[PDB]
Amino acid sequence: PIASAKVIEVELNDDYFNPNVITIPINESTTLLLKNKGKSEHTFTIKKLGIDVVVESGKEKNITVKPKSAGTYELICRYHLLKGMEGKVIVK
């Protein structure tokens, strides 16, 4: 079976998501390698896509997103711990 269409490393830390703007292809599977390098637990949350993944400090999760709808969607940490409020997932 076939590889994901795209693979993106995403750092979660105590200050920001890196990258904070993630662009992914519509109607395809993208693997997101989430790595929490902070001391706190953090969430990776895209409410409109039904994504809410919790990553403990020092842990990692390799998730798959398969978005259905072109658009720009807010990416947040639900705990409201990060320095800014500008995160986005763009589907095209």
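A residue's number is simply how far along the shown sequence it sits, counting from 1. Whichever C-alpha set is largest while still superposing within 1.5 Å between the two forms counts as the rigid core.
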With the rigid core as the fit anchor, does 78-86 or 21-29 show bigger C-alpha shifts in 4 other deposited structures of this protein? 78-86
Test of understanding: from the entry's C-alpha B-factors, which stretch has the higher mean, 82-90 or 1-9? 1-9
Sort the modelled residues of this chain by their C-alpha B factor and say whether residue 47 lands in the lowest, middle or highest third. lowest
Hey, what third does residue 64 fall into on Cα B-factor, ranked over its chain? middle
Sorting the chain's CA B-factors, does residue 29 end up in the lowest, middle or highest third? highest
Residue 75: which third of its chain by C-alpha temperature factor? lowest
